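Q: could you work out the structure for the sequence below:
(one chain, ligands or ions: 18)
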Amino acid sequence: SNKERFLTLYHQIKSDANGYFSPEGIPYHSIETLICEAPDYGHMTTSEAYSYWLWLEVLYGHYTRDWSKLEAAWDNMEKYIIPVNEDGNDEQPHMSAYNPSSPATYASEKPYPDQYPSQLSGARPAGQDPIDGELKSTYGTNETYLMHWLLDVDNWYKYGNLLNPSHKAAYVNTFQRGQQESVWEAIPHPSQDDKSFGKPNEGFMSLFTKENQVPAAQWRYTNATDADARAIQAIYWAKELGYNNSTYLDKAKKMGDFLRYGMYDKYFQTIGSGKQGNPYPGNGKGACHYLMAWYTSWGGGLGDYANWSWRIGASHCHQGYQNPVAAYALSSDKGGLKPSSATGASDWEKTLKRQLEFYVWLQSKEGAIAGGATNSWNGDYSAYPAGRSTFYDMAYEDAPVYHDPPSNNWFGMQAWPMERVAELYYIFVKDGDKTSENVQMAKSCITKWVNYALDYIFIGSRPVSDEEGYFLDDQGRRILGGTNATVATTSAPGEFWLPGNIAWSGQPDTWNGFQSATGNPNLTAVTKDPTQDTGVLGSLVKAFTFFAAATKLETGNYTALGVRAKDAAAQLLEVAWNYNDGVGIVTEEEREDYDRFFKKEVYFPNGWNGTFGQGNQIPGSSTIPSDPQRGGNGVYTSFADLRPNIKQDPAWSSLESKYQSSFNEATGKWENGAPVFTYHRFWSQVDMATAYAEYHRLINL
Ligand SMILES: OC[C@H]1O[C@@H](O[C@H]2[C@H](O)[C@@H](O)[C@H](O[C@H]3[C@H](O)[C@@H](O)[C@H](O[C@H]4[C@H](O)[C@@H](O)[C@H](O[C@H]5[C@H](O)[C@@H](O)[C@H](O[C@H]6[C@H](O)[C@@H](O)[C@H](O)O[C@@H]6CO)O[C@@H]5CO)O[C@@H]4CO)O[C@@H]3CO)O[C@@H]2CO)[C@H](O)[C@@H](O)[C@@H]1O
Ligand SMILES: OC[C@H]1O[C@@H](O[C@H]2[C@H](O)[C@@H](O)[C@H](O)O[C@@H]2CO)[C@H](O)[C@@H](O)[C@@H]1O
Ligand SMILES: [Ca+2]
Ligand code: NA
Ligand code: NA
Ligand code: NA
Ligand code: NA
Ligand code: NA
Ligand code: NA
Ligand code: NA
Ligand code: NA
Ligand code: NA
Ligand code: NA
Ligand code: NA
Ligand code: NA
Ligand code: NA
Ligand code: NA
Ligand code: NA
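A: Numbers count the residues shown, from 1 in each chain. Ligands and ions are numbered 1, 2, ... in the order given. Below you will find the coordinate block:
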């Protein structure tokens, strides 16, 4: 019974015996502590994880008719990770002094962390913020009602929580230094920097920016646009399933209103204005790209002498972060979450359309979704390369925001968004729309994607791959993208396999609208690296489930592809159940990347010394000079030296001895096998739980 499987996993996730949550009721990234992938420690948590918790409680609340758990989850989010604390210290002091005519001061991004700190030069005057005034008039405040992306839930970095000292969970930041700063190469620092850690008199600021003076003490937060959007997607469903408490519905509306900051160029530069390398400030909504960019960030002074604040949007947009179910919820009567601001719903209505166009634009010749686009080439408004394809005057990028690893390689970035487009096809059809350009785009995209993905899903069979991760056909040749991929397969009862990554080449054609789409014959996805990721399985299932269900609502029966998607869904759910260990549905994974715990690649500028949260001097003596080819002049320490408390982790020992016995520092290769782990990730187990739930709701009933 899929309903019983849902309830079982729900209770495994929620059980105080299992450790998915902290003593303060806050979900962790994972049960295990020793893990690094986007958070850099398993008992961090993310806005991601909160949004998934919400999704979990909505479906539970549906089945039990008790919405208390959803409300408690929202309350917990508000208390610990949204930096608005009406009835306590102000967690955004001096936000009121924000200047919407000069939202922030320009600085260039750099191609390597070695080139930071970047000068706050104001070379490009920032454009007008056109939504500040609406937000103030609507809510009586400009305090940002969005989740900060990263919380140190056990205070493992030891910074404490300055503006709320009785909370153990402290707001922390990592990424700050451009597209080559992997998770391994960032330096964790407190969002609220009173300069009591970091370099004396400077805190951590001077790693990242230079200005004429010593940096003032200051605070800053950064959301992740897909997380707040998923929170809103969850509440969409809650309301569809009967939830009707306007106290919480209104909070989702407010979150959606502030999420519009995700639609603006970093420095409010006119969209397209940097095509030839000479950007200029936006007027009205001229800096609105109507997509969800990677983040919005906001900051200001700490203390009585620092009466200023600032906001940035972002210029880089990744397909994988778009959420058109949230956009629909926020923009129509049937969606039900339209904000009360003058243009919130209408901005989201445009976004819904632009998101769908972006997916169609980015879809490869064989059906996979390519990375995205930017309004700030190289992150400094460089002129677009000759011949570069564009989308609304923004340049195509195969790896938006991050290159280490390239951000659209992971197959999870296919499942996540296509799950939502599937949902949206279903939503549109259920709402009586078979004819709009929006439904035709959503349908066309998901239909082609489903066809695409089914070539690489194996249940009870094991695909044949080579040593470099390529899938092989029955004649033993590499399968290098293309439609009608026929992967060689040996019998393997009880196993499942999914693709792990895509290797991208080429470009889409420049966008001219849906009626002119070319099918992008020059954009290729090579799908690779079979693996057993149970988070991705859960997301795929839902994609296939909602797609199947939509086809039946549309036509009266499962279509040809709809049948195949339903059957794949059912089969994946059936095999996955065997991998429940009593705590979650899990598999073992090799982590060849875990040499990066030990590699000296964490950059510090010359002349900078200070104290890390854990008490250690940084960069300290365990360093090598930075690579002169990366354009800096400083040093590298390692991830592990930076975080000496990691050596107290129970798993550290085995990792270190595995490194010592298997990794060859000379060749950069694991010679006697790579480290191996079985992780219980919060989001992954939610994606599996909700998969059983929705198959029950949409297909069984
Ligand atoms: O005139 C009044 C006073 O002015 C003071 O000077 C101010 C100045 O006015 C103001 O403009 C300036 O503002 C800059 C900040 O100092 C600086 O910290 C800020 O840097 C941004 C940076 O531009 C941006 O790239 C960065 O993005 C990070 C982000 O923080 C991080 O969370 C995110 O992580 C994502 C992961 O990549 C992803 O895997 C995961 O899912 O989600 C994460 C979240 O999305 O990654 C990105 C990079 O990709 O954020 C930082 C801020 O943290 O830039 C501001 C504008 O340039 O500050 C000055 C003070 O220093 C004077 O000092 C005073 O004399 C005057 O009175
Ligand atoms: O940033 C995307 C996403 O990454 C998740 O970890 C992935 C990682 O990207 C992938 O290469 C690895 O092999 O599998 C893991 C687990 O599915 C991470 O768990 C998320 O927090 C993050 O948003
Ligand atoms: Ca790097
Ligand atoms: Na709060
Ligand atoms: Na801990
Ligand atoms: Na407190
Ligand atoms: Na606490
Ligand atoms: Na990363
Ligand atoms: Na600064
Ligand atoms: Na994210
Ligand atoms: Na109420
Ligand atoms: Na409100
Ligand atoms: Na709409
Ligand atoms: Na398409
Ligand atoms: Na196909
Ligand atoms: Na294989
Ligand atoms: Na195109
Ligand atoms: Na992995």
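Q: only C-alpha atoms from now on, for both contacts and neighbour counts.
A: OK.
Q: number of nearby residues for the residue of the stretch 201-350 of the chain found nearest ligand 4?
A: Nearest residue of the stretch 201-350 of the chain to ligand 4: residue 221, at 12.3 Å (C-alpha to the ion). Using other C-alpha atoms under 10 Å as the criterion, residue 221 is surrounded by 25 other residues.
Q: who in this protein is up against ligand 3?
A: 180-181 (C-alpha under 5 Å from the ion).
Q: any idea which helix is longest in the chain?
A: Longest helix in the chain by number of residues (criterion: DSSP state H): helix 534-555.
Q: tell me which residues in it are buried?
A: 534-552, 554 (16 or more other C-alpha atoms under 10 Å).
Q: which residues of the protein lie near ligand 15?
A: In this structure, the chain approaches ligand 15 at residues 451-452, 483, judged by C-alpha under 5 Å from the ion.
Q: one more time with 8 Å, if that's ok
A: 366-367, 448-453, 455, 482-485 (C-alpha under 8 Å from the ion).
Q: top of the residues you listed by neighbour count?
A: Using other C-alpha under 10 Å as the neighbour criterion, residue 367 leads the residues of the chain next to ligand 15 with 26 neighbours.
Q: pull the contacting residues for that residue.
A: Going by C-alpha atoms under 8 Å, 6 or more residues apart in numbering, residue 367 touches 445, 448-449, 451-452, 483.
Q: switch the cut-off to 6 Å
A: 448-449, 452 (C-alpha atoms under 6 Å, 6 or more residues apart in numbering).
Q: let me know the closest of those residues to residue 471.
A: residue 452 (14.3 Å; C-alpha to C-alpha).
Q: near ligand 14 at all, the host helix or strand of the closest one?
A: Per DSSP states H and E: residue 452 is located in helix 437-454. Yes: applying C-alpha under 8 Å from the ion, one finds helix 437-454 in contact with ligand 14 at 441, 444-445, 448.
Q: sorry, back to before: let's have the contacts of residue 367 in TSV, adding distance to residue 388.
A: Below are these laid out as TSV (distance: C-alpha to C-alpha, whole Å):
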residue	distance to residue 388
448	25
449	25
452	26
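Q: picking that back up, who are the packing partners of the helix or strand that the residue of the stretch 201-350 of the chain closest to ligand 4 is a member of?
A: Following DSSP H and E, one finds residue 221 within strand 218-222. Strand 218-222 is packed against strand 192-193, strand 297-301, with contacts defined by 3 or more C-alpha pairs under 6 Å, 6 or more residues apart in numbering; DSSP states H and E.
Q: parallel or antiparallel, list what pairs with the shortest one.
A: Each strand that pairs with strand 192-193, with its direction, by DSSP bridges: strand 218-222 (antiparallel).
Q: quick check: angle from the strand it pairs with to strand 297-301?
A: 170 degrees (axes from the mean of the first three to the mean of the last three C-alpha atoms, to 10 degrees).
Q: from now on call the first residue 46
A: Sure thing, new numbering starts at 46, so read that last one as strand 263-267.
Q: so after strand 263-267, what's the next helix or strand?
A: Following strand 263-267 in sequence order, the next helix or strand is helix 270-285 (DSSP H and E).
Q: what residues sit buried inside the helix or strand just after that following helix?
A: The C-terminal neighbour of helix 270-285 among helices and strands, as given by DSSP H and E, is helix 291-303. Buried residues in helix 291-303, counted by 16+ other C-alpha under 10 Å: 293-294, 296-303.
Q: returning to that earlier point: deepest of the helices and strands packed on strand 263-267, which one?
A: strand 237-238 (a mean of 25; mean count of other C-alpha atoms under 10 Å).
Q: ligand 4: which of the contacts of residue 412 is nearest?
A: residue 494 (39.5 Å).
Q: torsion angles phi and psi at the closest residue to that closest one other than its chain neighbours?
A: Once flanking residues are discounted, residue 494 sits nearest to residue 412: 4.8 Å by C-alpha to C-alpha, 6 or more residues apart in numbering. Dihedral angles of residue 412 (phi, psi; degrees, to the nearest 10) stand at phi 120, psi 0.
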